[PDB]
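Structure, as structure tokens:
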Amino acid sequence: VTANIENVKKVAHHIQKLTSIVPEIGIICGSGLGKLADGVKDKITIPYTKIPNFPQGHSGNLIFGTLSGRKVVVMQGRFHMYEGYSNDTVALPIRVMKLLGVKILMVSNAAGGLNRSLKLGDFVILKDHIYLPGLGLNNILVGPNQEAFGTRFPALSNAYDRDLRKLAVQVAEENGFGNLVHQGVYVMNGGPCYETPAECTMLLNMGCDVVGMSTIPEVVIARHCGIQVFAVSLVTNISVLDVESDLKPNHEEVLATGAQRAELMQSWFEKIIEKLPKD
Amino acid sequence: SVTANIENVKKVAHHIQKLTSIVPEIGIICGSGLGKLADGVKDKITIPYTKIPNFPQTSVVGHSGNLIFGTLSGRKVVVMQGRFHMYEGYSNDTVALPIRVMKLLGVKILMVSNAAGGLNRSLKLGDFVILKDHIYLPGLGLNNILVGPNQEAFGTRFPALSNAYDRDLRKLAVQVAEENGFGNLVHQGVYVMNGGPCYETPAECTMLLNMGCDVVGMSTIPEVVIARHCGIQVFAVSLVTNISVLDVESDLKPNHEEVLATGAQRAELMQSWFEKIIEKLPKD
Amino acid sequence: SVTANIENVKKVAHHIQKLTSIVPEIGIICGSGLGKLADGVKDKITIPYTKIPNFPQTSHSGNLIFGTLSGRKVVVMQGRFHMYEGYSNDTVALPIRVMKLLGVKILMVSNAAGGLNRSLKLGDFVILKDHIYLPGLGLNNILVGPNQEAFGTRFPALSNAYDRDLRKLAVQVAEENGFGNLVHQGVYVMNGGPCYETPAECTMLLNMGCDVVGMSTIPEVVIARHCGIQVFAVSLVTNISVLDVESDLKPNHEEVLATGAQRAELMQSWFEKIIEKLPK
Ligand SMILES: Nc1ncnc2c1ncn2[C@@H]1O[C@H](CO)[C@@H](O)[C@H]1O
Ligand SMILES: Nc1ncnc2c1ncn2[C@@H]1O[C@H](CO)[C@@H](O)[C@H]1O
Ligand SMILES: Nc1ncnc2c1ncn2[C@@H]1O[C@H](CO)[C@@H](O)[C@H]1O
């Protein structure tokens with residue numbers, strides 16, 4: 001279904017019947033990071049199956065509640081392009097958030113670390129991105145522009161809101177884990193193969209710090225409709241640049257590193273949310 | 001949409017040939033804000049895209065839909081006022097049709113303009129950049145306009161893109177700029193295509209600069225590939241309508257309106273430049 | 001086209017298994033101009049793609065050839081399926097997954113490529129030791145879509161994709177047979193095609209670390225590694241990429257076919273000699 005104003009309105013009005021929470025903040029949990037949703041108080045869990053026109057080991061959830069005093073909606077489980085979903089499908093949930101009242105989107109993901117100074121388990125705040133699929137004609141906004149949401153040619157300047165980035169740094173710092181925190185450029189590989197050593201070396205040389213297969217499409221849709229964005233990568237593996245190495249990325253090890261840092265990351269987001277300006 | 005095969009292209013061309021007697025030798029495509037390169041056409045016939053079967057519609061700002069026939073500096077031209085962009089959702093076949101139609105109408109030379117962001121740090125706002133080469137990012141990544149059964153009536157399966165930007169036309173365009181006092185606005189460089197429609201991020205721009213690109217835009221390469229594929233010679237120029245931002249901490253941003261504005265300020269100079277080039281084209 | 005799922009792949013494989021009794025351990029795919037690597041196949045059964053349900057056309061059909069080579073049972077794809085032709089992911093994936101159900105353990109592939117690396121000569125062989133998948137990075141990876149669990153994992157790693165023991169063997173064989181000087185190893189980058197690369201594109205690909213550029217192969221290799229088939233791949237340098245926009249020299253497919261024809265017999269001999277020394 002086209003992520004136009006009519007269909008987005010439908011989905012949003014349905015949800016608005018199943019809950020009274022008007023979210024100001026939207027959160028999306030990446031691979032292995034579903035715990036950032038567990039401190040949500042007065043929560044209402046709505047499975048994607050109960051929502052008409054949302055998409056689909058079992059189902060994902062839309063979770064409404066409060067976190068550090070603020071109203072949030074959490075997407076437990078995202079939609080990936082490598083899974084075969086259309087642009088309209090990936091766009092819809094973000095545009096639905098927009099109509100629910102979301103002003104700030106906070107997204108996490110798991111990524112490989114390209115930058116040679118990164119360690120396993122480090123956090124990399126995104127300050128910029130390289131959208132390889134978008135450069136190559138698979139940008140999520142290809143097609144008729146939905147004018148009710150935003151402009152035909154969006155600019156991506158300050159896409160990773162620099163005030164949110166500064167606040168995220170300051171909160172890490174004050175809570176004793178500033179040393180895990182970096183800022184860098186995320187490049188998206190459509191996937192689903194991990195990157196070869198040749199591909200990793202090339203991505204590093206283009207100026208990329210972390211690589212993953214998600215996140216950019218959601219961020220583009222969010223900036224398109226004027227939602228502010230904060231995004232962080234968990235370094236769940238170190239990319240291998242050397243073809244003679246036996247070390248390889250493995251999705252279980254990604255989930256495992258996720259599980260080890262999920263609580264620290266959950267705590268981080270909650271503390272950030274507590275310090276967000278309230279108007 | 002309709003396959004850009006010899007049968008369908010013939011239909012469209014024969015229809016147009018009923019609405020006009022002009023046999024074009026030169027085809028012209030106007031980029032964003034550059035519609036005025038068409039206003040000096042004498043003895044003109046304006047045919048809206050709507051009055052042509054199987055042509056598209058165009059819904060972009062700064063692109064009306066007209067096919068304009070007439071003479072320019074003594075030569076017969078057809079002018080696409082308004083082009084078709086991939087970032088709009090159009091198929092390969094839809095973008096390839098108008099250029100293949102030009103081929104059947106008689107076009108030998110194709111002159112294209114477009115608005116672009118300047119990556120090269122020596123470029124100034126309002127500069128002209130003649131394309132001498134391109135980097136077709138969508139084409140490298142399996143979105144080449146020629147993907148699919150080769151239409152043999154038009155060209156070969158594996159076209160070479162050597163001298164795609166005909167070097168004699170580039171030499172002539174430079175000489176004409178020089179003689180008419182605006183040589184200092186003219187550069188030559190490599191155009192890279194971003195599928196779009198997002199403007200490029202600072203990290204994308206930095207990467208594009210480092211790959212050897214001088215200007216970036218979201219058009220043009222597909223049309224050039226179709227034109228070379230069927231043996232049409234090509235001249236192409238970017239207007240620098242903004243300077244790409246390489247620094248993430250900057251507040252400056254690209255804006256469509258400013259692109260249209262810069263286009264408007266230079267459109268007359270560019271029109272004059274094309275007319276002067278066409279006047280010196282060899283004639284048989 | 002038909003989903004390359006376990007049900008459909010099983011159908012195609014069971015049909016083939018009625019037309020022949022050969023259980024292949026080794027699969028071979030011939031690139032542009034290289035169809036002769038299939039002519040030494042003894043006790044051969046030629047099955048045209050037309051006589052297989054749900055296989056494609058590469059029209060004028062090619063052939064699936066079963067037989068023995070240097071003592072081993074092989075299946076040969078004479079003629080491959082190219083993304084620039086408009087085939088779906090499922091169509092390119094199916095033949096390789098069929099091989100997997102037929103018993104293939106090792107896949108040997110050849111292709112024609114442009115030489116980017118400035119030390120390459122026309123007619124050189126470049127063994128692939130790694131590959132840049134430009135379409136794959138750009139959301140046209142052959143595995144995009146529901147993962148077919150019966151064949152492989154959701155997120156395959158491509159470490160040792162170009163099996164290093166097969167590469168070492170191939171080198172030793174070239175060496176012992178007097179043509180070690182034609183053999184290099186490098187990185188292959190895929191251009192979706194079908195336009196040859198511009199000089200600015202070539203210069204960029206060279207600078208990214210690429211040794212050869214072609215419009216095929218990587219998708220098949222991804223499907224093969226995904227289902228645990230081991231891979232050996234070689235490019236014939238059939239032209240020298242032009243980096244200079246002022247040059248009049250250009251790639252043309254006839255010259256590609258011509259170089260292929262000149263080297264096809266040496267390459268066929270190379271493959272047969274490699275297969276002879278495969279562990280049994
Ligand atoms: N090294 C890596 N390269 C690309 N994606 C990764 C990497 N490590 C974790 N991921 C992410 O986690 C899943 C694959 O493990 C995907 O959703 C992907 O985005
Ligand atoms: N900085 C830029 N990057 C990519 N395309 C641009 C830029 N400036 C103008 N354009 C072109 O003009 C329109 C965007 O304003 C598109 O059609 C695109 O081709
Ligand atoms: N210089 C080259 N660049 C990209 N593909 C090539 C090149 N030379 C031969 N090929 C291959 O052979 C055909 C083009 O001649 C294609 O199938 C392609 O895979």
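Numbered from 1 within each chain, the chains take letters A, B, ... in sequence-line order. In listed order, ligands and their atoms are each counted from 1. Computation of the quantities below employed the complete heavy-atom set of this structure, encompassing side-chain atoms and omitting hydrogens, waters and symmetry-equivalent molecules.
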Of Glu195(A), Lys248(A), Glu252(A), the residue with the heavy atom nearest atom 3 (N) of ligand 1 is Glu195(A)
Structural part of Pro194(C) in contact with ligand 3, heavy atom criterion under 4.0 angstrom:
neither
Would you mind listing which atoms of ligand 3 come within a distance below 4.0 Å of any non-hydrogen atom of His253(C)?
13 (C), 14 (C), 15 (O)
Please work out whether any backbone atom (N, CA, C, O) or any side-chain heavy atom from C-beta onward of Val211(A) is under 4.0 Å from ligand 1, and answer side chain, backbone, both or neither.
both
Under 6.0 Å between the ring centres of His134(B) and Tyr191(B)?
no
On a heavy-atom basis, the closest approach of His224(A) and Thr151(A) is NE2-O, 2.9 Å
Looking at every heavy atom in both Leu122(C) and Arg263(C), which two are closest together, and how far apart are they?
O-NH2, 4.4 Å
What protein heavy atom is closest to atom 15 (O) of ligand 3, reported as residue, atom name and distance in Å?
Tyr196(C) OH, 2.6 Å
What's the verdict on side-chain hydrogen bond (donor to acceptor under 3.5 Å, both in side chains) for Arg80(C) and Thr217(C), showing C-alpha distance, side-chain angles and the deciding distance?
CA-CA 9 Å; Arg80(C) 40 142 65 94; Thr217(C) 305; 3.2 Å; yes
Parallel, tilted or perpendicular: which one describes the rings of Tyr90(B) and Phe84(B), with boundaries at 30° and 60°?
perpendicular
Side chain to side chain contact (heavy atoms under 4.5 Å, CB included) between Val212(C) and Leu120(C), worked out
CA-CA 9 Å; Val212(C) 290; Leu120(C) 292 174; 3.7 Å; yes
Between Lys253(B) and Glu258(B), is the closest basic N to carboxylate O distance under 4.0 Å?
no
Which label fits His256(B) and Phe153(A): parallel for a plane angle under 30°, tilted from 30 to 60°, or perpendicular past 60°?
tilted
Any donor and acceptor pair, going by atom type alone, linking the side chain of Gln76(A) with main-chain N or O of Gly34(A) inside 3.5 Å?
yes
Looking only at atom types and distance, does a side-chain atom of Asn189(A) sit under 3.5 Å from a main-chain N or O of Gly212(A), one as donor and one as acceptor?
no
What is the nearest protein non-hydrogen atom to atom 5 (N) of ligand 1, stated with its residue, atom name and distance?
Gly212(A) CA, 3.3 Å
Out of curiosity, is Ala113(C) lining ligand 3, as in a heavy atom under 4.0 Å away?
yes
Give the atom numbers and elements of ligand 2 that come within less than 4.0 Å of a heavy atom of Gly117(B).
1 (N), 2 (C), 7 (C), 8 (N)
Filtering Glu88(B), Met218(B), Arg152(A) for the heavy atom nearest atom 19 (O) of ligand 2 leaves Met218(B)
Close approach of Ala115(B) to ligand 2, heavy atoms, under 4.0 angstrom
yes
Closest to atom 16 (C) of ligand 1 among protein heavy atoms sits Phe155(C) CE2, 3.6 Å
Any non-hydrogen atom of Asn242(B) lying under 4.0 Å from ligand 2?
yes
Ligand 3 contacted by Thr238(C) (non-hydrogen, < 4.0 Å):
yes
Within ligand 1, which atoms have a heavy atom of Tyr82(A) less than 4.0 Å away?
16 (C), 17 (O)
Ligand-residue contact atoms, ligand 1 with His80(A), heavy atoms, under 4.0 Å
17 (O)
Would you mind telling me if ligand 1 is within reach of the side chain of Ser31(A), the backbone, both or neither, using heavy atoms under 4.0 Å?
side chain
